[PDB]
Structures are given as C-alpha cells and as structure tokens.
**Student:** 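This is the structure I want to talk about, given as structure tokens.
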Amino acid sequence: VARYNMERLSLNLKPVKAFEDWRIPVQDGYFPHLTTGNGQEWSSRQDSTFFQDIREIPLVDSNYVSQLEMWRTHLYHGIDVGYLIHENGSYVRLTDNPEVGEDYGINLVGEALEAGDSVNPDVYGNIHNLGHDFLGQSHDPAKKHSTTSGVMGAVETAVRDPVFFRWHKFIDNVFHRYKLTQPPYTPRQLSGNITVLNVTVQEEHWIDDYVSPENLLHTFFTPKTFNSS
Amino acid sequence: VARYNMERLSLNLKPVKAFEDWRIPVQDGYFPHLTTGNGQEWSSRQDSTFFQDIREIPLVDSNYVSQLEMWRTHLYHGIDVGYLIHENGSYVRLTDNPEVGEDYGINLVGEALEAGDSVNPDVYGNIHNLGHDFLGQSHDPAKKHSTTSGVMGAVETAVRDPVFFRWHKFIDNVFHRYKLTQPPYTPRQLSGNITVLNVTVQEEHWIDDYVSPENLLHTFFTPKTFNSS
Amino acid sequence: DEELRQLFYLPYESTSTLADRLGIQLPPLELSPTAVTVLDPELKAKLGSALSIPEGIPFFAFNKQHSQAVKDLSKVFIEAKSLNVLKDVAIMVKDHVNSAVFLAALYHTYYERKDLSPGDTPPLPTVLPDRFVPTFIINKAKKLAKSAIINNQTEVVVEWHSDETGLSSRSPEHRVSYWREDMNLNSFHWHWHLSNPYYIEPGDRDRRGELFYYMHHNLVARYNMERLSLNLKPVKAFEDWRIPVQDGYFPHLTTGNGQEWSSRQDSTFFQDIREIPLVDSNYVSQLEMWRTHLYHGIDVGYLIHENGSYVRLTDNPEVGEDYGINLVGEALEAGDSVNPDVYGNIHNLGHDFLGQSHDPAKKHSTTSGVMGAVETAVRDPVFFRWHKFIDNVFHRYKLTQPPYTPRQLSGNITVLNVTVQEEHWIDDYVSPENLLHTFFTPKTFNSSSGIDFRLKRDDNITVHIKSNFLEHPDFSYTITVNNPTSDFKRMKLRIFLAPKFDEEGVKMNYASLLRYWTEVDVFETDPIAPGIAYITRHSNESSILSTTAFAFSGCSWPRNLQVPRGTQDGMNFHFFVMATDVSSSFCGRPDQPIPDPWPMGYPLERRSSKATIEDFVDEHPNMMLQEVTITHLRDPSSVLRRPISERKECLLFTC
Amino acid sequence: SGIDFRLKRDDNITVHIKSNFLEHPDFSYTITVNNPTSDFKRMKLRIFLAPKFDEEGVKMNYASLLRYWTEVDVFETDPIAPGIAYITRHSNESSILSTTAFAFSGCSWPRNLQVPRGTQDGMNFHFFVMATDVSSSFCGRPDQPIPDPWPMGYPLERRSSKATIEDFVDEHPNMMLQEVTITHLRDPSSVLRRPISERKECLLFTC
Ligand SMILES: *[C@@H]1O[C@H](CO)[C@@H](O[C@@H]2O[C@H](CO)[C@@H](O)[C@H](O)[C@H]2NC(C)=O)[C@H](O)[C@H]1NC(C)=O
Ligand SMILES: *[C@@H]1O[C@H](CO)[C@@H](O[C@@H]2O[C@H](CO)[C@@H](O)[C@H](O)[C@H]2NC(C)=O)[C@H](O)[C@H]1NC(C)=O
Ligand SMILES: *[C@@H]1O[C@H](CO)[C@@H](O)[C@H](O)[C@H]1NC(C)=O
Ligand SMILES: *[C@@H]1O[C@H](CO)[C@@H](O)[C@H](O)[C@H]1NC(C)=O
Ligand SMILES: *[C@@H]1O[C@H](CO)[C@@H](O)[C@H](O)[C@H]1NC(C)=O
Ligand SMILES: *[C@@H]1O[C@H](CO)[C@@H](O)[C@H](O)[C@H]1NC(C)=O
Ligand SMILES: *[C@@H]1O[C@H](CO)[C@@H](O)[C@H](O)[C@H]1NC(C)=O
Ligand SMILES: *[C@@H]1O[C@H](CO)[C@@H](O)[C@H](O)[C@H]1NC(C)=O
Ligand SMILES: *[C@@H]1O[C@H](CO)[C@@H](O)[C@H](O)[C@H]1NC(C)=O
Ligand SMILES: *[C@@H]1O[C@H](CO)[C@@H](O)[C@H](O)[C@H]1NC(C)=O
Ligand SMILES: *[C@@H]1O[C@H](CO)[C@@H](O)[C@H](O)[C@H]1NC(C)=O
Ligand SMILES: *[C@@H]1O[C@H](CO)[C@@H](O)[C@H](O)[C@H]1NC(C)=O
Ligand SMILES: *[C@@H]1O[C@H](CO)[C@@H](O)[C@H](O)[C@H]1NC(C)=O
Ligand SMILES: *[C@@H]1O[C@H](CO)[C@@H](O)[C@H](O)[C@H]1NC(C)=O
Ligand code: CUO
Ligand code: CUO
Ligand code: CUO
Ligand SMILES: [Cl-]
Ligand SMILES: [Cl-]
Ligand SMILES: [Cl-]
Ligand SMILES: [Cl-]
Ligand SMILES: [Mg+2]
Ligand SMILES: [Mg+2]
C-alpha cells in the first residue's frame, strides 16, 4: 500500500482512500480484460457498484455485510481495550512489548483479521478474506446470472483492481489503529552503541556519457519479452 | 386478517397494507405499556423503524434481511412453477386437487412458510417465525443496549401490535399467490343435490321493548370483570 | 445463384480461405502490410463510408454511422449491373469490410434487389452461430472438434439447456429466457430491420413507421402472453429514466473475433453517453426533451415540420394524406422524421444508452451490450421494457383518435360460427375442439457453414448444435359466414388473439385488451357466393408467417412461437374474428404498398364507448368472439391413455 | 379607468387592451315532464354535467363521477299542472350566472367559461336531470338564507349502492340521464358548407 501511494503521488494522483463505509457504492469499477485458458472471461465490476450480501449456492454458505461489520466492531473493541477474547473464554493481552514467550499483539490482530490462526473465529470472523470475495462477486452477489468471479477473488490477479488498494488501505488502517494503542519506544528501546555519521546514495553507470549526480535515482519504461509456449 | 379488515372498514380506516418491501421503515410503531411479573417492561418500537438484520448473541445465531428475502424468492419460484424441491432432491407437486394420499399444496406451502414441517429448511427457510423476531427486536437489532423483546416476539401479546397485521397481510398474500395458481373449481366440484331456497337472519331478544328487524345485527361495548388474584 | 449464398459463409475467415474451400475463382491478391484481395480503386470510390467501420466489432444497427456504412455498401451491391457482377464485387470487398457490416449489407440486398428472394438467404444461426449459442458451448464445440479430428471422427454434436445461462429459481426473468433467446425470434428481428431499415430512402417503403409500431406491438403483446403463461407479471415500461434498470442481463455470448459481449449488472442507471469523440455524445435530458416535444405533438394532434409548417396527425386520413400512426413512427424510431432537430432519435439512441450503460463515459475500453445489435437485442429483458415504453407512446397516440364510426365497422357479411381444431400429432389422441397445445422439442443445425472448425486444411469436420425450442402442433380453424346479399362479395377476415384474464385473474375490459391483441391471421378470401360459406385456414398459411430447424425462411414470425405457451391447466384466450368488406404481414413487402387502407391492427387499436370486447362484438354482425384454451405439456405423451392399473384416484373428482 | 397613461394633465389618452377568451354560442334545453297527480305541483329542476369517460377512455362509474359533477342549472319552476309540461331554459338564465368584455356583473361564474372546451372530434358528457318536490348559486346571497334545505350539489355528492350513474337514474322516475357532445372549433367558419370543388376525398369514409 505505501509503495502504491508513492506511485500515485508520482503521477499527481491523490493517495488511496480506504473503503470503510460499506454502505457507499465503490466508485471506481474495473474491467480486467482477462480470459482463462478454459475460455472463461473474468467478470468485471461497473463503476458505482455496492458491496452487497453474498447469497451463496447453497444459501446456507452465505455471508452478510452487517456480519462483517460486527466482526469489525468486535475487533475494534479488542484493539481499543488491549485484549482479545479467546474462544476458550480467556483474555489474551495485545502488546508489541511482549514477555519472552508471549505473542506479539500485531501478530494476534493479523491472524484475527486475515483471518488465519484466529484466537476466536466465531467472534472476530474472517473479514479480509471474505471482503475479497464480496468485492469479487459484487457484479452478481445473489448469483442470479450464472457468472464468474472478478479478479479480487484470486491472488495472482487481485492487485490489478484499483479496489484492491482501497480494501488494503482499510486493512492497513485497522493495523495502524492497533499500532497507535502501543506506547512509544522508550529511550532504551531506541538507544544504540553505533553512531551514524553520513549517508550517500549513488546511481550506477547505465548510459554512456552520463554520470548521475549523488543522491539522484531514475526510473523509466523498458520492454521485456517472455516465452509463453 | 379478514376480520381485522372488517373492523377497520367499520371505523373508516383503510384496509391493512402488507409489509412486503423490507427496505421501507415500518411507519407505525407501537408502545405496548406492558410489564411482566418479573418487572421486565416490554420493549416498544418507535414510528419509522427499519426491519434490520438481527445480529444475535452469539453472532453465529444471527439472521439477515436478504436471507429472508432469498427464502421468499425461492418460495415464490416454487409456487409459480407449481412444485417445491425436497431436501432429498426430488420435486413435490403443489396442488389443491390432490390424488388420494397426496398432500394439499396449501398445506405444503404453509409448512414451508411458517415454517413447521418444511420439505426443505435450507432452501425455504423460516420466514414467518423469524419475521416476528426481526420486528420484535427492531428497536435494538444488534443487541447493543441490553434490552428485552417487543410484543411481536410472543404469541399471547403479538396481536396487540398493528404491525402484526401488516406482517400477516404479507403472509396471507403469499398464500393467496399460491391459491391463484390453482384452477377454478369445475362444475362437478361445485355441484350439489340440495337447492338453497331462502336465508333469514334474526337477532335474539336483548333489551325490553325492542325487537330487531330481520337481517340486522348489533354490536356495542360492555364491561367484563375477572379475578386476577 | 447458389454461388451468391456462399458469400454468407465463414464470415470471420479470409476470402482466400472461403474461395479455397469452395473452389471460387479469386481476383488478383496481395499481402496486406497475409493474402487479401486487391481492392480496385474504381470499386473503392463507390463505397462511401462502408470501409470506415473497423474489423473486430459487431454491426451496431441503431448507431447512425454503422447504419450509414451498411447503407453505403448495400448500395453498390443493389446497383450492380448483374448478379455476376454482384458476386465479383462481394468477393473483392469481403477482406476489406467489417464482417457483420458485410453480412447485413448482403441480407439487405436480397430485400432490395428484385431479382433476389430473401427466402433464399441462409438462416442466420448457420452463418453467425456465435450470436445465438453461449460462449461455453462454442468453446466446448472447439474442444470436441479438435478431439474428433484426431480420432478420425467427421461429425460432432453439442447441446445445451436454459439451466446454464441464469438461475430461474433466483431470477424470475430467466423463466422466459427460452423465448427471448429463441434463435428464430432473434433472427426474425434482424430480418425485420434489414427489410425495413430506418435509414431507407423515404418512399421506398409504404407506411414503414406504422409497421415499426405494428411489428413491435405484436412482439410486446406476445411476450406478455408468454409472461402470463409463466405466472409472471406483464412487462413494465422503462419510462422514468431517473430510476435504475432493476434487472440486468449477462448474455454469455462471444463474437467470432473473440470479443465477449458486455453485460449489465442489476440496478444500472440509464446515463448520458459521453462518446469518443465527445462531440458525438447524447444525453438523458436531451432524449427527455425529444419525448416532451413528441408528447406535445401527439396531444395537440399535429407535428411541426422542419420547414415550419404543421402536419396533421390522423388515422382517418384524406386520400393522399399520411397516416398519423406512420408519422409518429417515423418520428419516434426515428426514420424519415418530419423534424429530426425537434423530435430527435429516441428509440434508436435508447438502445445504445442501454447497451452502453455498463460504461457510459467510455472509461474502460469496453464493448457494447446486446441491446446495441438487432440480432441479439431481443435476448435482454430490458428490450421489452424499452419496447413497452415505445408501445405506450404509440398507444398514447392511438387514444387521441376518434372511435371507428358505425360505417367504418359495418360489413355485408355475417359471421355465424368459429371453430378451432388441432391437427393430428400423436397416435391414439385426438384434441378436443378449441384446444391448442405447446411443448418443447429439440432442433439441430449445422454450424460449420458459419465457423471453420478445421485444425488444418484437409480436416473433414462438421459441428452440429442441438438445443430445445418451444413448439406446437399444426392447427386449423373454420369460419362459418353468411352472405345475405344478391351478388358475390369478397371479404378480408381479421383474426386476433388476447388472453381473457389479467395476472390478478380479473376479466380484462375493452380498454385493457387493446394492449394485448395480436394478429393470428389477416387475409382476403375468395369471393363469397350468396348464402352460407365455410372458410378453413391452416396454421402454416397464417399471414404472420412467410412462405429444417428453420421452418420458414426470409422474414417470418417464428412458426414455433406461433402459439403462446399457455399453462398446464389450460389458459383461456379470446379469438376475435371480423369479416370486413373489400411476405409476413409483420414484415411487409419492400416493393409493394400495404394493400389494405385500414390501419394495421384494425379495428382493435382504437378506443370504443363499449366497456367489454363482448359488448363491442355484439354490436356488429360481421364480428364474432370465439374462445380457445392453450395448454402447455411438460411431457407430450401425457395426453395418452394410461393403464387402468396405473391411474391414481382423485380426492376431489379431478387431480 | 385603472391606469393613468397621461404624461401631463392635459393629455387625452385612452389605452384599450385586447386579448383572446374561450367562448361559446348561446344554447337552450327543454325538459319534458309529467305530473300524474290531481293537483298542481311545484318542483326544482337540478341539472349537472360530467364527462362520460376518464383520461384512459374508460367509462367512469358512479363513485368516480362524484368528483366531477358540476352545476348546469338548479332552479324552481312555475307550478306544473296535472299532465305533461315542457320547461325550456336559456343558457343566459343559468343559476350559476348572475343577472361588454364583461357580460355578467357582480359575482358570477364567467359566461364565457360556461361550457367546457370539449375536443375537435367532439367530447361526450353526461347531462343529469332531476325533478325534485318543493345571485350566482356559487356565490349565494349575503342577506338571505340558502332557500333549499338539501345539501348543495344534491343528490350527486353522496355514495350509492348503485355502480353506475345509469343504474342510479334508472331507479328513479324523477331522474333522467341525457348526453351531449361538446366540440371545440379551432376555426368557427369550418362548420360552413365548403365548395364541392374544394372538398377532399376521405380514405376511410370520414376524414
Ligand atoms: C455442414 O455444413 C457445411 C456447409 O458449409 C458442409 O461443408 C461442405 O461440405 C461439402 C461436402 O464435403 C464440401 O464440398 C464443401 O466444401 C463444404 N463447405 C464448406 C464451406 O466447408 C458440410 O458438408 C455440412 N455437413 C453435413 C453433414 O451436411
Ligand atoms: C376610457 O376610460 C376612461 C374612464 O375612466 C374615460 O376617461 C374619462 O373620459 C371622460 C370624457 O373625456 C372624461 O370627462 C373623464 O374625466 C375621464 N375619466 C378619467 C378618470 O380620466 C375615457 O373616456 C374612456 N375612453 C373611451 C373611448 O370610452
Ligand atoms: C485458552 O487458551 C490459551 C492458549 O494460550 C491458554 O493459555 C488458556 O489457559 C486457555 N483458557 C482456558 C481456561 O483453558
Ligand atoms: C552497547 O553494548 C553493550 C555491551 O554489549 C550492551 O550491553 C548495551 O546494550 C549497549 N549499550 C547501549 C549504549 O545501547
Ligand atoms: C557526507 O558525504 C558527503 C558526500 O560524500 C559530503 O558532502 C559530506 O561532507 C559528508 N558529511 C560528513 C559529516 O562527513
Ligand atoms: C424424497 O421424499 C419423498 C417423499 O414422499 C419420496 O417420495 C422420495 O422417494 C424421496 N426421494 C428420494 C430420491 O429419496
Ligand atoms: C347426489 O347424490 C348421488 C347419490 O349419492 C351422488 O352420486 C351425487 O354425487 C350427488 N351429487 C350430485 C351433484 O349429483
Ligand atoms: C324468505 O324468507 C322471508 C322472511 O321469512 C320471506 O319474506 C321471503 O318471502 C322468503 N323468500 C322465499 C323465496 O321464500
Ligand atoms: C466428411 O465426412 C462425411 C461424413 O461425416 C462424409 O460423408 C464425407 O464424404 C467426408 N468428406 C470427405 C471429403 O471425405
Ligand atoms: C413543408 O412540407 C410540406 C410537406 O407536404 C409541404 O406541404 C409544405 O408546403 C412545406 N412548407 C413550406 C412552407 O415549404
Ligand atoms: C356492401 O356492398 C355494397 C355494394 O358493393 C357496398 O356499396 C357497401 O359498402 C357494402 N357494405 C355495406 C356495409 O353496405
Ligand atoms: C358452431 O360449430 C360447432 C362445432 O362445429 C357446433 O357445435 C355449434 O353448434 C355451431 N354453432 C352454430 C351457431 O352453428
Ligand atoms: C407446417 O410446417 C411445419 C414446419 O415446416 C411442418 O412440419 C408441417 O408439416 C407443416 N404442415 C403442413 C400440412 O404443411
Ligand atoms: C346572452 O349573453 C350574451 C353576453 O351578454 C349576449 O351576447 C347574448 O345576446 C345573450 N343572449 C340573450 C338572448 O340574452
Ligand atoms: O491479500 Cu487481500 O490480497 Cu494479499
Ligand atoms: O403467527 Cu405470526 O403469530 Cu399466529
Ligand atoms: O427496435 Cu426492433 O429493436 Cu428497438
Ligand atoms: Cl446487501
Ligand atoms: Cl440454495
Ligand atoms: Cl458474539
Ligand atoms: Cl473526446
Ligand atoms: Mg411494503
Ligand atoms: Mg419507469
């Protein structure tokens, strides 16, 4: 996300905005122009498409916007009070100053948010993964039209979609929310025996008759070719 | 529902309107002014309250408006094509002209809609019962406020609420939708050996020095008293 | 010339590929910047704008530039000194023109040249199967073909079902997809617009604006009868253009150039089309003002000509005066409009607004949706919402007309009786009188005239495509009439169909039925001798049909969709018959005027003081109102006698 | 009389203002009645107008027509002798009018708007007539009571079990339902005979 924003600033674009108010339609759609080797063209998403309940087939496998919202509410609460509730009933402290043998709070939040090895799936849910699927199925969320998923549904294609970065700005916002609850590093936590005296950056030779001034880096476009056979 | 409407017409009120577009807030609220013997006052519902997803505690026990809508969509489909799909995969014909040993279509729809002995809970759901609970919890649908349920949540109190009859007008509309799919009764189905020649209605004596004209009935208000001890 | 017909074949392949396969002698060739015909400068100079449409996109029939290109190309074809020269010109230009534009120009040419018959054109699905068959099925066919060739198999059949393009259980509009996507109906739509293009030289058609109204009115009416048969509500006009289009459509179609047709999500707004270039744009409020202007003209009874004079609108015209319905049609389509700057181009542009609504500002480098093409537009449920709006405009105009006078409805012939009888179609069953059936039957066609499935030149491969269609048994009807006069009388019988009940089970009154009447048969009889006569017509003779998966050729209402679906229990229809005193009727004839001076659909497109169709018919001895039942059979063999042993007992007399 | 258009005192200037108005020719109607009793009877005739069809071309039922009935003439007649009588009223005598661009003075329904516009082809109206047993009527009289005890607009402002105005009127011998056509002329001279030479041929009997 950070590097994407640096690219946006380079292009006179505004930094990406989190998609956090899920009752607002996603302003920017995306048409991937991709077709799989089985002849299946990836679904697109029109501008101004709502993030909507996914009514699966079978219906019992469905997920809902307000369900994800309540997972989010629960997770925000845990972050704000500094502990998660384990499915076994005990409380787990969140801290990035852990004791030896204690998990890092950022790690616990990450496992709960992705979700992966969550301390409590029933309470904190599966926000980030399902969000990909809500966005990827938003062109046909009740599965009425016998369609394919959009690129947000697959790891090798999701980054293509501008909404990837709106979704991940939301995700990064959750993580930063947690980081802000942590106390600043103490003098001892930042102290060191080595003094830094100087820093210089130098671009290597890349074109005859030009030597880059110190502390200047360049970028440009170059063709690349590969064998698709 | 029919008798309620006759009471409404008697009072110069418009007949009850089904609550069917669940996007529209319920215009008329209800304040029951009831308190249980455990001192727990029944929750009320303000005018213009939305029918909203019920996020239960625990969250895994929740139900959602679009979920009920999809159950409704599935049921409307079955009604319109004249058969339900059994959870065992077979199709069950809906008819009010059944073969000997065949269920009545109106009965099958009723069991699916209530729901009771539904042919397919996963597909047709539990629309009518859950709707009572959605309406009864609509003052606090995400259970944020540690509140009690409204009167729609209990059989001995639900009829008090004007929304009971809006909900049941919707329910009766589903049943009438099914009835309309049935062929008109044939001449043989309506024929009879007995001829009806005359009909007369006569109110009994109820007050001295008055005899009601034929075919005239009266109503009035009278007190009744009971022992609450 | 069956050499002429060959020009329709393999439209996505080079002329060299076609000629090689067919042994057609080629003109001189060269290599384009592969082998392509040399295009003579003399021919090129005659082509107008034909070459301006790039290869690799569909023919967008409602778009003014695309239609102009087809008109410009067909002009050269139509004006060719002979059929030999025509063939030479076609062979020469084929490599240099958009293939869909080429095909459209060729079909139009058969309608316009007097020495060609549209009935001799190939069925459109054999030429462009990609327009009618889902992407997945074409791709499966390519796979089956590749395997077959490898295993020395010269023929393959692929098939598909409606269960595969949408989910009926969650999408009520999908319940009628079989009808909207019917390949013959979509082909009929292509034929209609190429027989009666809005860009035709004015005068070269008679009452073309009125025919635009009439064919589409019948198309909408029959769709509604299909909807009622399926327990769907009749279609609602898309008229408040502020409201998003509720039902989207995903066509699941890909052109032979690999370009998948755009879809439209549920709840998509009808939005301003900001074209590239921007100066070619059109706007919702612009269309709304055209509509406002047209409604005004209709309401006051005259249009304003671009020359400043006023033109009266009347369906009771003087000799030599145009019909008001025709003038409104030309203004609305639009075709030969009296005032383009004032009344605009509402209907055509609306197709393009709907077809581009997934990307109306052209930000996403996308293709158009199916509403943009005549051979695909009927597939989309919004087609019928758009055409219900269009039919509403026409009905708004019809309602301004005075009811037909007694003299305008009077006739010398009396109608005495009407009977309808389904022909034999299954052994050991005879249909009761006045009962018609429908059912689904498979049809198969050879797609190899349209798509080259060969891997290499020497491969012998044929791909057959099989799918299900609504169908009905043949039927006939007999009208008993009396001529009480002293001499022979000739008459035209006018027979129309409409459901008796609406979606609520209420009997439709006269006013409501006006929106439903559809032509069954309108034709002139032999002269009727004094006394009683019996006139019998077979369903294959119907005026709405022309003259093997494709029964009727050229421009024809699909024979297989001639009878509305009806219901399992039997659905009741009015069968109106009128005897009036004196090549599908929906298509008209390019070279001849409409023979009948009465408005199309007469007398059932005007208001009446009569409340019911029963009351209306009872006033006139030359009209009779008959009634038929139409019953859809899920399993046609169900009509057969069942073993006494296997019959089940009913609880309530019938079951 | 309303605006002083003078520049200075001695100027002699008059400004006339001309504009177009809807208008109609005078008309009369005659009601034929029977008094079957043995003595003179006085009655009030109550005459109301409404369109027959709504905007959709559907015949309006009794309930819908209640929203449309408008007074044409409501007045008391001379006593009617036993037997048949003819009662003729001129449009200028209408109860809705009082008693030169301004025909009727004081408080009056405009005489020029006494007849609805109607249409070029002719528009059909119910003309309801009731004989009841015994200064615009819209304005009343400041110093006098309403003479008639019946509600204004009687009997056509209440519900009926009768579905149509036809059914309603058929129940009562003292009511009759007549019908008139009202036709608007863009060019009043169009009603005149046209030269045989200048008449154009119709395609469908009438044009
Ligand atoms: C399927 O359709 C195509 C028509 O285009 C047929 O292909 C032709 O077959 C004949 C006989 O082998 C060849 O001489 C022609 O060259 C073919 N035409 C083309 C354009 O390839 C094919 O025969 C049809 N298959 C069947 C079974 O009728
Ligand atoms: C137009 O109207 C006014 C009425 O106010 C008339 O003006 C009067 O004319 C007479 C005769 O010249 C004068 O003696 C009065 O003093 C005028 N009254 C006022 C208030 O100015 C005028 O005569 C009318 N014109 C015509 C042609 O009738
Ligand atoms: C819940 O699991 C954690 C694992 O770290 C454990 O420390 C805790 O004791 C458990 N709670 C109970 C009461 O079992
Ligand atoms: C520097 O090094 C010492 C010796 O290893 C270490 O104990 C201490 O942490 C460091 N002190 C500072 C100044 O950070
Ligand atoms: C750091 O290095 C740069 C260039 O090598 C030089 O300009 C600067 O004087 C150096 N600073 C120090 C403190 O050595
Ligand atoms: C499903 O249940 C019905 C109930 O009568 C039964 O008839 C049918 O055999 C069952 N289907 C299967 C395949 O088990
Ligand atoms: C009349 O009675 C007979 C004898 O029981 C019975 O068969 C029949 O169904 C009855 N009803 C009619 C309408 O015939
Ligand atoms: C029905 O009963 C009433 C009162 O008993 C009587 O007045 C009327 O005439 C009866 N009708 C018939 C058809 O017997
Ligand atoms: C191609 O196969 C068909 C049978 O499928 C056969 O009739 C025909 O002769 C074959 N074509 C050639 C050129 O062999
Ligand atoms: C405008 O066109 C109409 C078409 O018939 C013609 O009659 C009329 O003369 C034209 N108006 C003028 C003033 O040119
Ligand atoms: C009947 O026939 C006569 C003679 O052709 C013709 O004039 C008349 O228009 C016909 N129709 C009627 C209804 O009189
Ligand atoms: C009409 O034809 C049917 C069947 O042919 C017959 O039963 C019926 O009586 C006929 N009606 C008249 C009026 O001839
Ligand atoms: C009517 O047309 C269909 C399809 O072409 C055909 O099967 C049927 O035999 C035809 N009926 C007659 C008698 O021509
Ligand atoms: C009716 O009044 C108008 C306007 O005042 C007048 O022109 C007409 O002569 C009057 N009719 C009679 C006969 O009084
Ligand atoms: O996770 Cu959201 O795509 Cu790396
Ligand atoms: O069910 Cu809804 O309350 Cu009797
Ligand atoms: O015109 Cu036939 O498609 Cu709108
Ligand atoms: Cl949603
Ligand atoms: Cl499901
Ligand atoms: Cl919970
Ligand atoms: Cl531009
Ligand atoms: Mg509602
Ligand atoms: Mg609308």
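Just so you know, ligand 1 is whichever comes first in the structure, and atom 1 is the first atom listed for that ligand. Worth knowing before you read on, the calculation uses all heavy atoms, side chains too, and leaves out hydrogens, waters and symmetry mates. Every chain is numbered from 1, with letters handed out A, B, ... down the list of sequences.
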**Student:** Can you list the atoms of ligand 7 that are under 4.0 Å from a heavy atom of B:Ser191?
**Tutor:**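 Those atoms are 13 (C).
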**Student:** Could you tell me whether C:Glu471 and C:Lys443 make a salt bridge, using a distance below 4.0 angstrom between a side-chain N and a carboxylate O?
**Tutor:**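 Answer for the salt bridge query: yes.
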**Student:** For the pair B:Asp161 and B:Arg45, find out whether any cationic side-chain nitrogen is under 4.0 Å from an anionic carboxylate oxygen.
**Tutor:**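 So B:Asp161 pairs with B:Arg45 through a salt bridge.
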**Student:** Tell me whether the guanidinium CZ or amine NZ of B:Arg160 lies under 6.0 angstrom from the six-membered ring centre of B:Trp42 and within 45° of its axis.
**Tutor:**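 The answer is no; the distance or angle limit is not met.
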**Student:** For a quick check: using heavy atoms under 4.0 Å, what are the residues in contact with ligand 9, sorted by chain and number?
**Tutor:**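 Residues C:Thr154, C:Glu155, C:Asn460 each place a heavy atom under 4.0 Å from ligand 9, listed by chain and number.
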**Student:** Does C:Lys233 come within less than 4.0 Å of C:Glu503, counting only side-chain N to carboxylate O?
**Tutor:**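 Looking at C:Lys233 and C:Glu503, the cut-off is not met.
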**Student:** State whether B:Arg23 and B:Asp21 are salt-bridged, where the test is any N-O pair (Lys NZ or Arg NE/NH1/NH2 against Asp/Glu carboxylate O) under 4.0 Å.
**Tutor:**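 Yes.
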**Student:** Run the numbers on C:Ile465 and C:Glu159 for side chain to side chain contact (heavy atoms under 4.5 Å, CB included), then give the verdict.
**Tutor:** CA-CA 6 Å; C:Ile465 300 176; C:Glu159 53 184 292; over 6 Å; no
**Student:** Under 2.8 Å from atom 2 (Cu) of ligand 16, how many protein N, O or S atoms can be found?
**Tutor:**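 Considering protein N, O and S only, atom 2 (Cu) of ligand 16 has 3 within range.
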**Student:** Under 4.0 Å between a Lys/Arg side-chain N and an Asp/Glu carboxylate O for C:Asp20 and C:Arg457?
**Tutor:**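 Looking at C:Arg457 together with C:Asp20, the answer is yes, because their closest N to O distance falls below 4.0 Å.
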**Student:** Quick check: does any side chain N or O of B:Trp167 sit under 3.5 Å from a backbone N or O of B:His128, one acting as donor and the other as acceptor?
**Tutor:**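 Yes: the side chain of B:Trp167 pairs with the backbone of B:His128.
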**Student:** Can B:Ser43 and B:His139 be counted as having a side-chain donor-acceptor contact under 3.5 angstrom?
**Tutor:**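 B:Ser43 vs B:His139: donor-acceptor pair found between side chains.
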